[PDB]
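Written below as structure tokens is the structure these notes are about.
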């Protein structure tokens, strides 16, 4: 038995088995993209035109933009997914998805929670003093809009997910970061100018061009890392001699994973401040907006403009803190979904392409996989998480880490555009 | 006792990781630049579009605030 | 697949979104 009643009440998206042309998947995606950017232009209906700065920490991983119709962004969806991976991860609620049951259970369920976390975050946001005027009346109104905007995304994700290319989330995030860059550097109060102008003014300010560099450096770094692969020689498909040489995206393995680690921290700095100016200092003493002490403090990413040396210890902890959090969701990405050997089985078996090493059988390869995975999975994340973190010390526009995900998401998005440009020819090989 | 075991094991797994972090393919300049290119090219489109929409839509919010 | 007893065609969510925009886009701005 399960929460199937209300679960069946939660709408979904009509997936046509008709012809969805590449041109259409593309054009679709684009419409989503814009409604997004657009929503990021519209402020939330609120007389208190005065808002307490911003939370320079949540926006990036959340793909949000505080003060707008998407002030909560992907934040909920991520939160939700975080819990699931937590439960269905630490065995607390052991589930063998295999059957379309558990699979659609884990999912449907999470989806719901996403709407739950949709409002929770909303309230938590205003309750964290994200706007300043807690007019119980006005406050209520705001929350409404807020979480409802995030809802639209949840459904816009669904759309892209079944009518276009790539992924909503993935997109969305890349959508935000990219913009955050092109605008921050070149827009109105753009940095490139503030620097360029500062040159003309005759008082060359290295602080105006700085952040822009930070971003190049990161991008360059993050990309290098995104190139590394673990090549797995494959066994001749009945033929003989050296053949395959299958590579694996050693970084993009722990993608969704790190998205969750960073997002965890996102819900801590939010949940701490929230449960600060609305209770007891359980997590930490914020003051000044963000946190200046407590779990919160030790778990607040240092980036923004320039790296902070004036707190070595702070660095160390964070790093290690992130690192481990990454390992975690990685492992929890194992027990669940992730690359599941059961399947990859016959997939390499149909082609009869066992690993280069040896063993051309089902149970054979199946095994060699179940085994090699976990270390891969853990190594990857541990690394990424490191990179991501260090990518923040260095600090960059859009978000060291954000840039990362983006760069990846963007490339996994290029691939998507190709696997499509081709599938648009031989109407069949939709699995090779 | 078990504690000793687990300790013995993590040392093992961790070493299994070292193995993964070894079967790694450094990129080949040309290959590298490929990614870098496409990548940026993408962040560029996406970024731009958000600009085309944002910037101006703020020139408004601002000249009517 | 999904146990969503209800089916929603994307054209709607899109239009429903064009809704949120128009409403607040005017509900807020264009004061008076």
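By the numbers in Swiss-Prot, the shown part of chain A spans 2-433.
Determined by X-ray crystallography, 3.5 Å, according to the entry header.
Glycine is no exception: its Cβ is also placed from the backbone N, Cα and C atoms.
Features of the protein shown, as given by Swiss-Prot:
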- A:29-46: transmembrane segment (TRANSMEM)
- A:47-55: topological domain 'Extracellular' (TOPO_DOM)
- A:56-88: transmembrane segment (TRANSMEM)
- A:56-63: intramembrane segment (INTRAMEM)
- A:64-69: intramembrane segment (INTRAMEM)
- A:70-88: intramembrane segment (INTRAMEM)
- A:75: site 'Pore ring' (SITE)
- A:79: site 'Pore ring' (SITE)
- A:89-110: topological domain 'Cytoplasmic' (TOPO_DOM)
- A:111-129: transmembrane segment (TRANSMEM)
- A:130-140: topological domain 'Extracellular' (TOPO_DOM)
- A:141-161: transmembrane segment (TRANSMEM)
- A:162-168: topological domain 'Cytoplasmic' (TOPO_DOM)
- A:169-191: transmembrane segment (TRANSMEM)
- A:174: site 'Pore ring' (SITE)
- A:179: site 'Pore ring' (SITE)
- A:192-209: topological domain 'Extracellular' (TOPO_DOM)
- A:210-227: transmembrane segment (TRANSMEM)
- A:228-255: topological domain 'Cytoplasmic' (TOPO_DOM)
- A:256-277: transmembrane segment (TRANSMEM)
- A:260: site 'Pore ring' (SITE)
- A:278-312: topological domain 'Extracellular' (TOPO_DOM)
- A:313-331: transmembrane segment (TRANSMEM)
- A:332-382: topological domain 'Cytoplasmic' (TOPO_DOM)
- A:383-397: transmembrane segment (TRANSMEM)
- A:399-412: transmembrane segment (TRANSMEM)
- A:406: site 'Pore ring' (SITE)
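Counted within 10 Å of its Cβ, the other Cβ atoms near residue A:75 (site 'Pore ring') come to 26, all protein chains included. Sequence-distant contacts of residue A:174 (site 'Pore ring'), defined by Cβ-Cβ distance under 8 angstroms and a gap of at least six in the same chain, are A:61, A:62, A:64, A:75, A:260, A:403, A:406, A:407, A:410.
Contact between the transmembrane segment (A:29-46) and the transmembrane segment (A:256-277) does not hold: fewer than three of their C-beta pairs are under 8 Å, each pair 6 or more apart in sequence. Scored on C-beta pairs under 8 angstroms, the neighbour of the transmembrane segment (A:256-277) with the top count among A:56-88, A:111-129, A:141-161, A:169-191, A:210-227 is A:56-88. Of the two recorded stretches, the transmembrane segment (A:399-412) lies close to the transmembrane segment (A:169-191), with three or more CB pairs under 8 Å once pairs fewer than 6 apart in sequence are set aside. Taken residue by residue, the topological domain 'Extracellular' (A:130-140) breaks down under DSSP into 4 helix, 0 strand, 7 coil. With Cβ pairs under 8 Å as the measure, the transmembrane segment (A:210-227) is packed most heavily against A:383-397, out of A:111-129, A:141-161, A:169-191, A:383-397. Counted with DSSP, the topological domain 'Cytoplasmic' (A:89-110) comes out as 10 helix, 0 strand, 12 coil.
All protein chains shown were included, and the count of other CB atoms within 10 Å of the CB of residue A:260 (site 'Pore ring') stands at 24.
Here the recorded sites are A:75, A:79, A:174, A:179, A:260, A:406, and the ones sitting under 8 angstroms from chain B, going by CB atoms, are A:179.
Taking every recorded stretch in A:141-161, A:169-191, A:383-397 and counting its Cβ pairs under 8 Å to the transmembrane segment (A:111-129), the highest total belongs to A:141-161. With a cut-off of 8 Å between Cβ atoms, the residues of this chain six or more beyond the topological domain 'Extracellular' (A:192-209) that come close are 185-186, 306-307, 398.
Listed as Cβ neighbours of the topological domain 'Extracellular' (A:47-55) (distance under 8 Å, sequence separation of 6 or more from its ends, same chain) are residues 67-68, 130-134, 136, 139, 142-143, 290. When the Cα atoms are compared, residue A:179 (site 'Pore ring') and residue A:79 (site 'Pore ring') turn out to be 20 Å apart.
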